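Here the structure comes first, spelled out in structure tokens, and everything after it is commentary.
Cβ coordinates were reconstructed from backbone atoms using ideal geometry, including for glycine residues, and neighbour counts include every protein chain displayed. Just so you know, all these numbers are worked out from the coordinates, no wet-lab data involved.
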């Protein structure tokens, strides 16, 4: 049946093609320049990277936050 | 000698050791579990192929360079529809980092012998 208010939409996932290249920086030689901070949590050793937001850092699944 | 690589590919799916995908490769290479990585070529990945070669060149990671992405997808078998016949439509995967737990196989020895030479 007909309602008053206009419908609420679902959050569409802003999917990124090749999101892995952004996390590292390739050198001219066979080495690396790791941009974003690695997670110091016990669950994920040194493999999982933290978010690089405008004024703090964050990790997803261990849910750890670090303000400047 | 790629039928040996297909035997190591089967032992890495059955025992379920391969942590496939470049995102999961980046995790497995950083957590130091990798023994062997298989990689496609001759595709529109100009700076991307430089990244994976640099990550494989960091610390003690082997390389297999097949030329086709879709044949690598066919080998791992991501969309095997109608096995009794031909697979319908499989995706072209790039970077599959295998780690056999059940290494008791006829194939891992001859590939390690190839990497020794």
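Restricting A:58, A:23 to residues that are within 11 Å of another protein chain (Cβ to nearest Cβ), surrounded by 10 or more Cβ atoms within 10 Å (Cβ to Cβ) and touching a strand residue (DSSP E or B) at 6+ places or on another chain (Cβ under 7 Å) narrows the list to A:23. Across the stretch A:26-40, the number of residues qualifying as at the interface with chain B (Cβ under 7 Å from one of its Cβ atoms), part of a loop (DSSP other than H, G, I, E, B) and within 13 Å of residue B:47 (Cα to Cα) comes to 1.
The residue that is farthest from residue B:34 (Cα to Cα), counting only those in the stretch B:89-98 that are free of Cβ contacts under 8 Å to residues at least 60 places away in the same chain and away from chain A (no Cβ under 14 Å), is B:89. Among residues of the stretch B:43-54 that are in contact (Cβ under 8 Å) with a residue 40 or more places away in the chain, those with a beta-carbon under 6 Å from a residue that is outside any loop (DSSP other than H, G, I, E, B) at least six positions away or on a different chain give the pairs B:43/B:69. Among the criteria (1) in contact (Cβ under 8 Å) with a residue 24 or more places away in the chain; (2) surrounded by 13 or more Cβ atoms within 10 Å (Cβ to Cβ); (3) over 12 Å from the mean Cα position of the chain (by Cα); (4) closer than 30 Å to residue A:34 by Cα, the one residue B:27 does not fulfil is (1). Helices (runs of 4 or more DSSP H) fully within the stretch B:1-88 that include at least 1 residues being out of contact with any helix residue (DSSP H, G or I) (no Cβ under 7 Å at 6 or more places or on another chain) and more than 14 Å from every other protein chain (Cβ to nearest Cβ): B:2-14, B:69-76.
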